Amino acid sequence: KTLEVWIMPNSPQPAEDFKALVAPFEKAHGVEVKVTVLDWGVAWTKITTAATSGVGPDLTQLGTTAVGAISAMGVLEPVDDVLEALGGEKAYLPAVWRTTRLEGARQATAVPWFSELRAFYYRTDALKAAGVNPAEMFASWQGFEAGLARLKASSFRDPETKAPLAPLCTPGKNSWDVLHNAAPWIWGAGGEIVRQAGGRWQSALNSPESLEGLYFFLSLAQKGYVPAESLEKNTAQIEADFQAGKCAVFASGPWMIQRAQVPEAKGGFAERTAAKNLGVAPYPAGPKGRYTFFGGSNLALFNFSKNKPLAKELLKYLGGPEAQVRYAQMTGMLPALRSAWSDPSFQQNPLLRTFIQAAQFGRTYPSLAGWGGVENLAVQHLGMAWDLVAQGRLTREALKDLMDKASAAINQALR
């Protein structure tokens, strides 16, 4: 008669939004869904305890990069049946399909719920003033850097700040998404964070391709295109700087589009020049291709659940077309179910349609049991690289030294 579901704070009123989302399910099945909101401050420790103790909810949200770790503990129920009901492998972007299982596992243990992806917002007024065309600027890395150089040389001033814009704003090391900000550049160069050989995983952060991508990105902040102050800040703070009219180009997710429609008084930026002059482009095509970072969250069923049939019916509901569109809107994310990308909620909005175009270039990390150690050691060393950038002292040699140190530590952790 009750299901217990743990979620993270994905929407502006996390428990109210989720309860509204599931109310039709509760009526149809005659059950009550009891939702607990795990603040991002405590979510991972609460989930880990549940997994280690065998005490916890029926379903939990999992970030896509946590699926391998929790699956490897052997505490998750298989959900092949739910995914086949939703259309199988072909119903999902392959990057999203990768997140349904521990890498190499025969069975699915997570149901895709919603996708985070990143694309560049830009100031359509600033690019027009600079004589930069977005089609050309985001067609290649060379065009990207050439567009920032035009934006740096431009005399354009924001009509409210009365100041020139930073060509590019990005966090450096002081953000939750350090690796995710770097990943499209690693991938575009032809690199990857880890590689498999003999079924054993090792770091590839020190490969020649990975180093080219990392240097291309980090060095933009050494060339005058990113303000030093940006490197102190997290993504949320850089989003505020863009809203305030201080940045011509910056990467974020689809939630900024809804923020642009909402008054400043209610936490949005509708009144600001940036909201009235807003563009989106995908990450620019690199040497070996165009990639869009995918993250977001899935749902999993603990094998100590007393209510596995009803929990699987809720997975099918949350994973399915109607709830996919409703919850994508609530969270400012993209549906995990790829069919939902053609819904008018995305297609009627030009900026959301650009996110849909970016989405087909999606790529994610391998679903490793040891992923958190990989990311943590990657980000420590990328941090030290960002510290050299802030001093104008990041050389190609210094970057290679730091990624060799990271690779040695990663390979030890993976063994």
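So that there is no doubt, residue numbering starts at 1 and follows the sequence shown.
- Look at the C-alpha B-factors of 254-262 and of 109-117. On average they run higher in 254-262.
- When the mean C-alpha temperature factors of 270-278 and 184-192 are read from the deposited coordinates, 270-278 comes out higher.
- The PDB entry gives the largest Cα B-factor of the residues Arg157, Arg123, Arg101, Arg290 to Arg157.
- Note on the listed residues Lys173, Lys152, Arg338, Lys316: the highest Cα temperature factor in the record is that of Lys152.
- Annotation for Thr60: CA B-factor lies in the lowest third of the chain's modelled residues.
- Among the modelled residues of the chain, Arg393 sits in the highest third by CA temperature factor in this PDB entry.
- Among all modelled residues in its chain, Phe361 ranks in the lowest third by Cα B-factor.
- In the deposited entry, the Cα temperature factor of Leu211 sits in the bottom third of values across the chain's modelled residues.
- Split the chain's modelled residues into thirds by C-alpha temperature factor. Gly147 is in the middle one.
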